[PDB]
């Protein structure tokens, strides 16, 4: 009596559409996948000044959602026997052999527990030589493996090592191995010249057009750009890893395994994981200022839930992202915007929508 696509569109109109007026967001793409059926909704503008509408070809910056691809690459490397997560970075980047950072293992780098790595590198660290010097000069502070501090250089180094173990630069690991194994045709570390017309402007807090800056180990930490249909296919792969060849299948499953907890949030590789059903507050608590910006002592997982859900937020100066999936209900959602909006508004809108869909 109302077809499913219109029902889902109404729910997205009720929950996501009013964020555009509220936060003055020029463009948004929202997608839902349910049982192998894809629903794409597009709003507004990819470029205000060009009058170019958001559409299925629009390329957005994923920000930290990029960490999911880095995690998947690490899982691919591990399950191919190219790395072990108990290895240290000096085994692959030989100039770090026997330095203090070589006491930190790959898993601890992927999951932000070195005990002394902050959200960003210092501004001055830009070149490959400066990055190396930075890690050579690094010294411990907190006990290794016990304190989570969410960190671009931590998972950046992880990404770098993964690339070294596969004998390819990190951009090539994604663009030539991992994106094609996931079936993504419109995802990039470096958007090529012939695709730049599809690359949206981001918009800052004064609605001024901006794009992400080049940075040290930017690609593995926050450097991937993709379209809505590609992101939906990524969510499809996470929902149905058993439909992919062994190597990328094991890779995807590797990203799902929780390693530790901070209260109700289980840190997997890239993904944050929760006991399902999850309350809205549990999901909101995961991205509190205290969790995101400060050190938190981790605990051993002492209740492993049978059924989980998984999410990740991403932001660049000019773009917001949120991806969530619930294997049990065979359903997932992607939101891409070309202006940041509060993490709380993303998580809540997707919660309402996903819980309402018949």
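We call the rigid core whatever largest set of C-alpha positions still superposes within 1.5 Å between the two forms. Positions refer to the first chain, counted from 1.
In a rigid core superposition of the other structures in 9 other deposited structures of this protein, 222-230 and 126-134 differ in how far their CA atoms stray, and the farther one is 126-134. Annotation: of the segments 240-248 and 152-160, 240-248 departs further from this form in 9 other deposited structures of this protein (C-alpha atoms, root mean square over structures and residues, core superposition). In this crystal structure, the stretch out of 237-245 and 121-129 whose C-alpha atoms carry the higher mean B factor is 121-129. Set 220-228 against 188-196 and average the Cα temperature factors; 188-196 ends up higher. As recorded in the entry, 215 carries the highest CA temperature factor of 270, 215, 74, 202.
In this PDB entry, residue 356 carries a Cα temperature factor that places it within the highest third of its chain's modelled residues. The deposited CA B-factor of residue 300 belongs to the highest third of values across its chain. Ranked against the other modelled residues of its chain, the C-alpha B-factor of residue 312 as given in the entry falls in the lowest third. Among the modelled residues of its chain, residue 169 has a C-alpha B-factor that falls in the highest third, as given in the PDB entry. When all modelled residues of the chain are sorted by CA temperature factor, residue 40 is found within the middle third.
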